[PDB]
Amino acid sequence: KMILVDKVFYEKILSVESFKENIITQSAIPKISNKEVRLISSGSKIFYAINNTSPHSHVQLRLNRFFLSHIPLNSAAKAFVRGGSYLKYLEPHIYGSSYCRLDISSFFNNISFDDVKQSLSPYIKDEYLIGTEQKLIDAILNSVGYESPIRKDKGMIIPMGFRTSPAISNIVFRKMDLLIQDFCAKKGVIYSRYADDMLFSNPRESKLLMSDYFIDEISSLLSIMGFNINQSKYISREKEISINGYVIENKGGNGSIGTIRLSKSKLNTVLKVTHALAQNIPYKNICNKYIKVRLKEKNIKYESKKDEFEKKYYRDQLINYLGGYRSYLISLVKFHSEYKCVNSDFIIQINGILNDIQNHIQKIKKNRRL
Amino acid sequence: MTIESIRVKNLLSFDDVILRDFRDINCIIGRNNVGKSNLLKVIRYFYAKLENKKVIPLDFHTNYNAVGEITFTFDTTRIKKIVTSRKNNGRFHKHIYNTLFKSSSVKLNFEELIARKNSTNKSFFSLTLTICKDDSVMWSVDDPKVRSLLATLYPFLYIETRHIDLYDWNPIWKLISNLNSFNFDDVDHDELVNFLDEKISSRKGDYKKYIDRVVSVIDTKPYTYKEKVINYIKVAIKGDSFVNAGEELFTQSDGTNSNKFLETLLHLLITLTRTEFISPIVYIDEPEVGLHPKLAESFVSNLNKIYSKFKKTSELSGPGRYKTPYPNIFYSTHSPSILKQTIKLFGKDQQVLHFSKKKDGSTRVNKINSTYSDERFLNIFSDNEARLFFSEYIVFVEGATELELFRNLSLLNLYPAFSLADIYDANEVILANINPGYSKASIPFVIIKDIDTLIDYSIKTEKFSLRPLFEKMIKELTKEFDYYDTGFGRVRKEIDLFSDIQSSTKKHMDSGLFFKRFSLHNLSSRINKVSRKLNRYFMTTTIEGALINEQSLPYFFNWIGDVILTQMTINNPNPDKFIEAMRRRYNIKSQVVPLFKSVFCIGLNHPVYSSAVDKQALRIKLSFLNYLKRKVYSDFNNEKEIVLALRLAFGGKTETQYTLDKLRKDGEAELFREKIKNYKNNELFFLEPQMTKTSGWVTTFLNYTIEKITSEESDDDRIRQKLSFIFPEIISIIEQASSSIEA
RNA sequence: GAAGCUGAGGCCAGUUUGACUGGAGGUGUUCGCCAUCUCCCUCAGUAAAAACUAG
DNA sequence: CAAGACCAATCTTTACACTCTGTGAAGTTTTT
DNA sequence: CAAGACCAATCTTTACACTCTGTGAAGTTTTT
DNA sequence: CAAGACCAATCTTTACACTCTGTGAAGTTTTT
RNA sequence: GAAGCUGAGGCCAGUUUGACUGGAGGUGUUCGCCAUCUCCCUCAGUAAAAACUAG
Ligand SMILES: Nc1ncnc2c1ncn2[C@@H]1O[C@H](COP(=O)(O)OP(=O)(O)OP(=O)(O)O)[C@@H](O)[C@H]1O
């Protein structure tokens, strides 16, 4: 039974109180104004952040909780989904012998809003929420989408960091996930996707993934709804590939099993932090030099205790970083225990690093009481 | 081993399911409609497509996926050892080498090959079948010889015991043909014919002529290998048709026939798989259907006897014991007897798999802990404990009174959902070695205890003291040892005050029967809120205290009135003259207590008396009711004292967690104890046999209360709300269990 | 036209009479900074979703 | 630069009339 | 006087030779 | 210029040995 | 580099003071000589396979 939303569904469990005034006075639900959205710059990328006090944030959150979480997705989408994780994206490819990796350029900016409307239409009943002026689907997309002030030409845009944007991206790209999965299956290729990074693997002894034909076919498919392939990040290798530090290897031939292991570049930062901890480097220097976390003087809440405040903050930040990396490798260990696909010697190295991390966190906590 | 893993993606009821770490016996348990046989169908289709049979592809779980994948990881370490060695130069060995392990050792170099040879050999063969949306099937290995050889080496034997043809056991022979491997080049059809003709002829040559005639007339196809071995078996043995204990099959039963069929087949499997390198995977559905519990237990016992008779270890060795790996035996059962005997007789060689279909519809496979380190628990393991594996929600309790309460038929009538939860009283050691927290996700549970197990207040010292269970619980709850910040600051604060409670002191009143300002209700609520993460619920007082609260005083009193009116009779075969004599000797007003002692006594049987006798008895009973009402409301200052006295008489605890026996031993509250003893020995003597915990007063109380309140109120929602108001403690636990069951 | 790229500066080293480029080595390699072994500072600004808290 | 291949769900598919028959004139990591 | 109907179990029923084909030249009650 | 996808048929695939168990020390038209 | 193209000449017309290009029109059209209606000569050289001899 698919999820259906009617007028009562929006008015009772979705809106609750965010748009009570609009529904009692029959006033049109307004666009997300620029006053509610702040524009952050990170790299060349631009992020859009909504203010929490606005009712749009709350209705986005309850939309995410109750509506977008029930629409079926494609199993090739491993990101932003309940139970999906990067290791799951990198696992089906342990069976492959040749690997290829593609990227979609500006995935979130290139999502057409009309495609979002078409994708969400079957799951929302066609009614008139506000008299005969605004339809229910129109109000919901008014809640979900946004108009970019920097680029007014392209009109309504699903922005980065709008709470509901990832789930909507998965839903609107389910069509292409199905198309590309069908094509790869007919070619005998294992396909998976994380956000916009696509990974293909051939378990047979063939050069299909290294050919220009495969790129051309994937691009031809992606042009159906207007996406493009980032040519700078295209990668194709044999018997071993490294994706953001996680190395998948398969030296075997017929019926062989590969292994996934993080490399030393990935563990460089944690190894350096443990080395600095063993060298009795002060905590402030460790936090600033490696963890790029610093206590700006404008962030200090009170002037009553400041010398103690800085030390406690840096102690807590080091504890939090060590615990975070401890849980990141525990995730690796759990994934290996569930699937048995991580390198055994790398499992030994993980165990050693985890014991070192635990001992260092114990030492820091013991020093906290001194 | 035989099979390393089996993975199903988007086929039938499975979304993404991986089964691994197989043991010699794999018991599959789970509710109806969870996919237990869907595993059978998936494996059967995979093996049918392995031999290039023409079958319909299986249906996709959801149509939003363009693929459906089945992955099998065969374990070819032993076959690699078999074939790689230089001694085995046979033609079957040469074929296995040239098909499987060639082109795989080809890619490796000398260093890696030598490393594989010298070190602990571990070789796997992964085969993936992908069904596209247009019913096409694509393999990950494009050599059909490889797939046929894999089917031959690791045959799949499959039985649904429900649809067994009882009166014809022919399908046994076929399966036997799948098991054993040997040579047939030397045996032609000429030497055998000459041998038979020489043995069967009054004149030499006749039988050969007969066989030549039959061969010339007919037109046939050369034998396959399995037909060859079947024919040689059937000629060699004394008889073909099967007989159960000297009696023909059609005269015997159905359960006996199925039991004997399964027993002989499994015995043949284990006996014949000893000498060969062919490692079958056998799947039995319902090994228990139509079997008496004793027969199912005996079936598993005989299976284990055969399994252990051929098993070789460091201590057991000699003639007749083999190191050859046993076939992977899966069987899906719904019988606690099969599972109980499997666990008790196999130990570490068995695995229990739980199949549950979640909320969306996908199947989940989990491993339930079935290995115990305690020999005493293994020996004492019985049907009651093994029943827990089939539970949906286990409510562990401490004493038999909770069992009496939570199993009440009338109480379960108004809460049907809680009828699906099995209540099992668990000692601390039993609860420790069961390990219910290991499953949790598979079988949700809750452990119900009294707050006395945590804190032991001392009246003399006016101090709380922490039991070691509290320290152990705090130790698991101080998660922050190696963690990062989260919204757990409230938890850290609560643990800080839980440690602080030791140093604090609280005064008591009425010689240690109440708290001046401390609210044990607040402490219980905080403890339960904190410890919900550990699935433990602590009640403020004992279960008797939970039943008998200040709010439950009226109905309980009504019960006393009813227990005053109906269930006693006259202690004499002559009610008229006896009642007259006791009315004469004992006054109505001044000596009502001895008069009621002499006249009325508790009796299940109620003889019918004369109308005047009924009138006299009714007047006496009403007078005694009024006298007890006045005496109870006079001797006790407030309702709370009466409730505490009732709790203590039945065996409960005070606010300070003290029983009547504990108070008597410590000597405190002499006045209250004397009042209770006076009420028990003088006015409430008839209730004295019902004062004990095991006397069953809980059942009668709950039955009467439910019947009375249903008489007062008709609607079921109204009756449930009245139950919640009148017993705020028990109804809360039932509601929580039902809510957890629904999800 | 289409494609792609990175926060703002300050000493020190290398290329420049006056400003621009990097701040472990070894080994192998598909040459990708890709893999494996051993051993610079400051100041801004830092949205969202999911996985993960060994046993 | 530009293009074939653009999810899977979603709603009475069984006769009419003049014509008895014819239909029409405060964590890590990843995407980023 | 004399008479039809006189349990159900209990044991290799599959070919031979000369003839390649033919078979042969110290309780009650019941029976009592 | 250069490249994934390079027919379908065609041959005993069932055990070995020391080890009773372990695997090893003179027409038209089309292509043209 | 890869791709593609057609037998050798002689008057006459069109482009050229002196040699090169075509030898029914109408209509429509994907503009392909593609479709539909109506009504230049000479001389060489010309392998193979299949279909087809209305009814
Ligand atoms: N073709 C199919 N497509 C989708 N789901 C299917 C299909 N066939 C069966 N199912 C699902 O799989 C389950 C079928 O029950 P199944 O026999 O697999 O379970 P089971 O535990 O063996 O049952 P039982 O306990 O009665 O033996 C149901 O949940 C059903 O919805």
# chains A, B, ... in the order shown; residues from 1 in each chain; ligands from 1
call {"tool": "residues_near_ligand", "arguments": {"ligand": "ligand 1", "cutoff": "8 Å", "atoms": "only C-alpha atoms (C1' of nucleotides) and all ligand atoms", "output": "MDAnalysis selection string"}}
result
chainID B and resid 11:13 30:39 58:62 285:286 332 334 355 357 361:363
call {"tool": "write_last_selection", "arguments": {"atoms": "N, CA, C and O atoms", "output": "mmCIF file, in the first residue's frame"}}
result
data_model
loop_
_atom_site.group_PDB
_atom_site.id
_atom_site.type_symbol
_atom_site.label_atom_id
_atom_site.label_comp_id
_atom_site.auth_asym_id
_atom_site.auth_seq_id
_atom_site.Cartn_x
_atom_site.Cartn_y
_atom_site.Cartn_z
ATOM 1 N N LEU B 11 14.482 -10.759 -4.206
ATOM 2 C CA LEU B 11 13.797 -11.906 -4.832
ATOM 3 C C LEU B 11 12.837 -12.462 -3.791
ATOM 4 O O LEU B 11 13.237 -12.562 -2.634
ATOM 5 N N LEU B 12 11.597 -12.713 -4.181
ATOM 6 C CA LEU B 12 10.595 -13.285 -3.269
ATOM 7 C C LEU B 12 10.412 -12.329 -2.101
ATOM 8 O O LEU B 12 10.068 -11.192 -2.356
ATOM 9 N N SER B 13 10.593 -12.773 -0.874
ATOM 10 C CA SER B 13 10.313 -11.911 0.293
ATOM 11 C C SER B 13 11.591 -11.309 0.834
ATOM 12 O O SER B 13 11.526 -10.769 1.921
ATOM 13 N N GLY B 30 10.771 -19.493 13.231
ATOM 14 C CA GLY B 30 10.194 -18.184 12.923
ATOM 15 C C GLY B 30 8.705 -18.260 12.798
ATOM 16 O O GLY B 30 8.198 -19.362 12.698
ATOM 17 N N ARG B 31 8.044 -17.118 12.728
ATOM 18 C CA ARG B 31 6.575 -17.114 12.748
ATOM 19 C C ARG B 31 6.075 -17.599 11.412
ATOM 20 O O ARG B 31 6.881 -17.829 10.543
ATOM 21 N N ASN B 32 4.785 -17.840 11.307
ATOM 22 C CA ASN B 32 4.213 -18.226 10.005
ATOM 23 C C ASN B 32 4.327 -17.013 9.080
ATOM 24 O O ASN B 32 4.286 -15.908 9.599
ATOM 25 N N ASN B 33 4.475 -17.216 7.772
ATOM 26 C CA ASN B 33 4.636 -16.124 6.777
ATOM 27 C C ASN B 33 5.861 -15.246 7.022
ATOM 28 O O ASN B 33 5.693 -14.039 6.977
ATOM 29 N N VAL B 34 7.040 -15.805 7.280
ATOM 30 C CA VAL B 34 8.264 -14.970 7.393
ATOM 31 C C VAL B 34 9.313 -15.351 6.359
ATOM 32 O O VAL B 34 10.361 -14.729 6.378
ATOM 33 N N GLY B 35 9.059 -16.297 5.458
ATOM 34 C CA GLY B 35 10.065 -16.576 4.414
ATOM 35 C C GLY B 35 10.944 -17.785 4.653
ATOM 36 O O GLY B 35 11.928 -17.920 3.955
ATOM 37 N N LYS B 36 10.628 -18.629 5.618
ATOM 38 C CA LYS B 36 11.510 -19.770 5.948
ATOM 39 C C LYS B 36 11.608 -20.692 4.733
ATOM 40 O O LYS B 36 12.698 -21.185 4.472
ATOM 41 N N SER B 37 10.502 -20.930 4.037
ATOM 42 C CA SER B 37 10.493 -21.807 2.845
ATOM 43 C C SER B 37 10.920 -21.019 1.620
ATOM 44 O O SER B 37 11.175 -21.643 0.618
ATOM 45 N N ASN B 38 10.876 -19.685 1.693
ATOM 46 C CA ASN B 38 11.331 -18.847 0.550
ATOM 47 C C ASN B 38 12.826 -19.091 0.350
ATOM 48 O O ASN B 38 13.273 -19.047 -0.810
ATOM 49 N N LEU B 39 13.560 -19.342 1.436
ATOM 50 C CA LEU B 39 14.997 -19.698 1.299
ATOM 51 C C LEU B 39 15.059 -20.986 0.474
ATOM 52 O O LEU B 39 15.848 -21.028 -0.487
ATOM 53 N N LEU B 58 11.924 -16.400 -10.605
ATOM 54 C CA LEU B 58 11.196 -16.103 -9.362
ATOM 55 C C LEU B 58 10.783 -14.637 -9.387
ATOM 56 O O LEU B 58 11.395 -13.875 -10.123
ATOM 57 N N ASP B 59 9.802 -14.260 -8.584
ATOM 58 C CA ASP B 59 9.243 -12.897 -8.654
ATOM 59 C C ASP B 59 10.080 -11.931 -7.845
ATOM 60 O O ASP B 59 10.628 -12.344 -6.842
ATOM 61 N N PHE B 60 10.075 -10.666 -8.230
ATOM 62 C CA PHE B 60 10.938 -9.699 -7.542
ATOM 63 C C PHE B 60 10.207 -9.208 -6.308
ATOM 64 O O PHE B 60 9.001 -9.063 -6.379
ATOM 65 N N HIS B 61 10.927 -8.941 -5.225
ATOM 66 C CA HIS B 61 10.342 -8.409 -4.000
ATOM 67 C C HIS B 61 9.657 -7.078 -4.266
ATOM 68 O O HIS B 61 8.497 -6.875 -3.893
ATOM 69 N N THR B 62 10.361 -6.160 -4.916
ATOM 70 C CA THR B 62 9.791 -4.899 -5.357
ATOM 71 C C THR B 62 10.194 -4.661 -6.801
ATOM 72 O O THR B 62 11.292 -5.030 -7.222
ATOM 73 N N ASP B 285 11.868 -29.565 5.368
ATOM 74 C CA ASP B 285 10.818 -28.660 5.856
ATOM 75 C C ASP B 285 10.046 -29.458 6.887
ATOM 76 O O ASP B 285 9.834 -30.639 6.646
ATOM 77 N N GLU B 286 9.664 -28.849 7.991
ATOM 78 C CA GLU B 286 8.789 -29.525 8.967
ATOM 79 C C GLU B 286 9.265 -30.935 9.304
ATOM 80 O O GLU B 286 8.508 -31.863 9.035
ATOM 81 N N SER B 332 13.566 -26.595 8.858
ATOM 82 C CA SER B 332 12.667 -25.596 9.417
ATOM 83 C C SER B 332 11.577 -26.295 10.211
ATOM 84 O O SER B 332 10.898 -27.181 9.688
ATOM 85 N N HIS B 334 8.566 -26.051 13.643
ATOM 86 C CA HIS B 334 7.680 -25.184 14.454
ATOM 87 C C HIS B 334 7.434 -25.938 15.753
ATOM 88 O O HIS B 334 6.473 -25.615 16.428
ATOM 89 N N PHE B 355 13.751 -16.158 11.581
ATOM 90 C CA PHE B 355 13.215 -15.448 10.429
ATOM 91 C C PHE B 355 12.035 -14.605 10.882
ATOM 92 O O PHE B 355 11.110 -15.122 11.514
ATOM 93 N N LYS B 357 9.404 -11.359 9.508
ATOM 94 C CA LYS B 357 9.139 -10.395 8.424
ATOM 95 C C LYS B 357 8.817 -9.082 9.101
ATOM 96 O O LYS B 357 7.881 -9.060 9.897
ATOM 97 N N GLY B 361 7.711 -5.646 4.923
ATOM 98 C CA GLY B 361 7.524 -6.940 4.294
ATOM 99 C C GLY B 361 8.801 -7.710 4.042
ATOM 100 O O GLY B 361 8.728 -8.871 3.615
ATOM 101 N N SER B 362 9.969 -7.127 4.284
ATOM 102 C CA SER B 362 11.221 -7.832 4.069
ATOM 103 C C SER B 362 11.472 -8.856 5.166
ATOM 104 O O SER B 362 11.038 -8.696 6.308
ATOM 105 N N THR B 363 12.185 -9.918 4.805
ATOM 106 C CA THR B 363 12.562 -10.944 5.763
ATOM 107 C C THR B 363 13.879 -10.573 6.427
ATOM 108 O O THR B 363 14.809 -10.111 5.762
#
call {"tool": "residues_around", "arguments": {"residues": "region 37-45 of chain G", "least_positions_apart": "4", "cutoff": "9 Å", "atoms": "only C-alpha atoms (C1' of nucleotides)", "output": "number ranges by chain"}}
result
G: 7-12, 23-27
call {"tool": "select_by_dssp", "arguments": {"residues": "region 493-648 of chain B", "states": "strand (DSSP E or B)", "output": "list in words"}}
result
residues 505, 508, 509, 514, 515, 536, 537, 538, 539, 568, 569, 570, 600, 601 and 602 of chain B
call {"tool": "write_last_selection", "arguments": {"atoms": "C-alpha atoms", "output": "JSON list (two decimals), in the first residue's frame"}}
result
[["chain", "number", "residue", "atom", "x", "y", "z"],
["B", 505, "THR", "CA", 19.97, 9.77, 54.88],
["B", 508, "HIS", "CA", 11.18, 7.49, 58.91],
["B", 509, "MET", "CA", 7.93, 7.78, 60.86],
["B", 514, "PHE", "CA", 6.56, 5.59, 56.09],
["B", 515, "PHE", "CA", 8.88, 8.19, 54.59],
["B", 536, "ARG", "CA", 14.57, -3.72, 32.90],
["B", 537, "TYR", "CA", 11.48, -2.51, 34.75],
["B", 538, "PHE", "CA", 11.54, -2.08, 38.52],
["B", 539, "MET", "CA", 8.35, -1.89, 40.57],
["B", 568, "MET", "CA", -18.52, -20.13, 53.91],
["B", 569, "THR", "CA", -21.14, -22.52, 55.26],
["B", 570, "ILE", "CA", -22.30, -23.74, 58.68],
["B", 600, "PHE", "CA", -19.54, -20.12, 59.82],
["B", 601, "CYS", "CA", -16.46, -21.77, 58.32],
["B", 602, "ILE", "CA", -14.98, -21.78, 54.82]]
call {"tool": "interface_residues", "arguments": {"of": "chain B", "to": "chain E", "cutoff": "10 Å", "atoms": "only C-alpha atoms (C1' of nucleotides)", "output": "list in words"}}
result
residues 201, 202, 203, 205, 206 and 209 of chain B
call {"tool": "interface_residues", "arguments": {"of": "chain B", "to": "chain A", "cutoff": "8 Å", "atoms": "only C-alpha atoms", "output": "ChimeraX atom specification"}}
result
/B:64-67,103-104,107-108,124-127,130,132-133,138-141,481-485
call {"tool": "residues_around", "arguments": {"residues": "residue 22 (chain F)", "least_positions_apart": "6", "cutoff": "12 Å", "atoms": "only C-alpha atoms (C1' of nucleotides)", "output": "count of residues only"}}
result
16
call {"tool": "interface_residues", "arguments": {"of": "chain A", "to": "chain F", "cutoff": "12 Å", "atoms": "only C-alpha atoms (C1' of nucleotides)", "output": "PDB file with N, CA and C atoms, in the first residue's frame"}}
result
ATOM      1  N   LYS A 186      22.067  -5.826 -18.003  1.00  0.00           N
ATOM      2  CA  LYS A 186      22.151  -6.451 -19.314  1.00  0.00           C
ATOM      3  C   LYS A 186      23.588  -6.562 -19.798  1.00  0.00           C
ATOM      4  N   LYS A 187      24.466  -5.655 -19.376  1.00  0.00           N
ATOM      5  CA  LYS A 187      25.885  -5.769 -19.686  1.00  0.00           C
ATOM      6  C   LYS A 187      26.642  -6.643 -18.698  1.00  0.00           C
ATOM      7  N   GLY A 188      25.996  -7.098 -17.628  1.00  0.00           N
ATOM      8  CA  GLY A 188      26.684  -7.893 -16.629  1.00  0.00           C
ATOM      9  C   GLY A 188      27.604  -7.120 -15.713  1.00  0.00           C
ATOM     10  N   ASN A 202      33.061  -4.766 -13.137  1.00  0.00           N
ATOM     11  CA  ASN A 202      32.900  -5.934 -13.985  1.00  0.00           C
ATOM     12  C   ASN A 202      33.592  -7.119 -13.341  1.00  0.00           C
ATOM     13  N   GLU A 205      36.513 -11.088 -17.124  1.00  0.00           N
ATOM     14  CA  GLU A 205      37.784 -10.682 -17.719  1.00  0.00           C
ATOM     15  C   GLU A 205      37.474  -9.961 -19.020  1.00  0.00           C
ATOM     16  N   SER A 206      37.264  -8.651 -18.925  1.00  0.00           N
ATOM     17  CA  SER A 206      36.909  -7.866 -20.095  1.00  0.00           C
ATOM     18  C   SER A 206      37.299  -6.416 -19.862  1.00  0.00           C
ATOM     19  N   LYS A 207      37.370  -5.666 -20.960  1.00  0.00           N
ATOM     20  CA  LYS A 207      37.780  -4.272 -20.938  1.00  0.00           C
ATOM     21  C   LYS A 207      36.608  -3.319 -21.116  1.00  0.00           C
ATOM     22  N   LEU A 208      35.393  -3.756 -20.783  1.00  0.00           N
ATOM     23  CA  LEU A 208      34.219  -2.933 -21.052  1.00  0.00           C
ATOM     24  C   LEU A 208      34.267  -1.627 -20.275  1.00  0.00           C
ATOM     25  N   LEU A 209      34.663  -1.685 -19.005  1.00  0.00           N
ATOM     26  CA  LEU A 209      34.625  -0.492 -18.168  1.00  0.00           C
ATOM     27  C   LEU A 209      35.688   0.526 -18.554  1.00  0.00           C
ATOM     28  N   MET A 210      36.756   0.101 -19.223  1.00  0.00           N
ATOM     29  CA  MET A 210      37.813   1.014 -19.632  1.00  0.00           C
ATOM     30  C   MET A 210      37.565   1.643 -20.997  1.00  0.00           C
ATOM     31  N   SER A 211      36.500   1.250 -21.687  1.00  0.00           N
ATOM     32  CA  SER A 211      36.234   1.738 -23.029  1.00  0.00           C
ATOM     33  C   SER A 211      35.449   3.044 -22.992  1.00  0.00           C
ATOM     34  N   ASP A 212      35.567   3.812 -24.076  1.00  0.00           N
ATOM     35  CA  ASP A 212      34.803   5.046 -24.207  1.00  0.00           C
ATOM     36  C   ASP A 212      33.327   4.784 -24.449  1.00  0.00           C
ATOM     37  N   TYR A 213      32.981   3.592 -24.936  1.00  0.00           N
ATOM     38  CA  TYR A 213      31.583   3.281 -25.197  1.00  0.00           C
ATOM     39  C   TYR A 213      30.762   3.314 -23.919  1.00  0.00           C
ATOM     40  N   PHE A 214      31.315   2.794 -22.822  1.00  0.00           N
ATOM     41  CA  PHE A 214      30.576   2.778 -21.564  1.00  0.00           C
ATOM     42  C   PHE A 214      30.289   4.190 -21.072  1.00  0.00           C
ATOM     43  N   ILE A 215      31.291   5.068 -21.122  1.00  0.00           N
ATOM     44  CA  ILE A 215      31.074   6.457 -20.733  1.00  0.00           C
ATOM     45  C   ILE A 215      30.020   7.088 -21.621  1.00  0.00           C
ATOM     46  N   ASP A 216      30.108   6.844 -22.930  1.00  0.00           N
ATOM     47  CA  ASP A 216      29.151   7.447 -23.848  1.00  0.00           C
ATOM     48  C   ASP A 216      27.738   6.970 -23.558  1.00  0.00           C
ATOM     49  N   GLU A 217      27.573   5.679 -23.270  1.00  0.00           N
ATOM     50  CA  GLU A 217      26.249   5.146 -22.964  1.00  0.00           C
ATOM     51  C   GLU A 217      25.694   5.731 -21.674  1.00  0.00           C
TER      52      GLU A 217
END
call {"tool": "interface_residues", "arguments": {"of": "chain C", "to": "chain A", "cutoff": "9 Å", "atoms": "only C-alpha atoms (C1' of nucleotides)", "output": "PyMOL selection string"}}
result
chain C and resi 3-4+6-7+30+34-36+45-54
call {"tool": "atom_distance", "arguments": {"atom1": "CA of residue 90 (chain B)", "atom2": "CA of residue 281 (chain B)"}}
result
25.1 Å
call {"tool": "atom_distance", "arguments": {"atom1": "CA of residue 158 (chain B)", "atom2": "CA of residue 365 (chain B)"}}
result
20.5 Å
call {"tool": "atom_distance", "arguments": {"atom1": "CA of residue 234 (chain B)", "atom2": "CA of residue 173 (chain B)"}}
result
8.9 Å
